[PDB]
């Protein structure tokens, strides 16, 4: 119920010579779906005040996707850890799941030079976007 929803229009440049969306495009669309999450950690989205660092990703390529039809990225929180969070995410096209992903990010405080227990205000915000399939 609580996931973020991001509609994207595929581009010719995101295909490859096989005629489908290229596999390296999927992490690009998944990162696009994390936008609202990034915004919770860095409200002005300034790279001066950037906090989010990926440490792991996994993607299952379930069905091929095509240039010419929109896709929808669903992005939710599978686990809120201490200094990390594990995202669950899916890409759909034509109402069919085509890619499923998980990613783990660490909230890194560059000012203090250490991973930072996610502040409480953020945890509350994140709890209302939990998605556990």
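Numbering follows the first chain given and starts at 1.
Asker: On mean C-alpha B-factor from the PDB entry, just flag whether 22-30 or 51-59 is the higher one.
Answerer: It is 51-59 that shows the higher mean C-alpha B-factor.
Asker: Take the C-alpha B-factors listed in the entry for 8-16 and for 117-125, compute each mean, and give the stretch with the larger one.
Answerer: Comparing averages over the C-alpha atoms only gives 117-125.
Asker: According to the Cα B-factor stored in this entry, which of the following is highest: 91, 104, 65, 80?
Answerer: That would be 65, according to the entry.
Asker: Thinking about Cα B factors across the chain, which third does residue 38 belong to?
Answerer: Ranked within chain, residue 38 CA B lands in the middle tercile.
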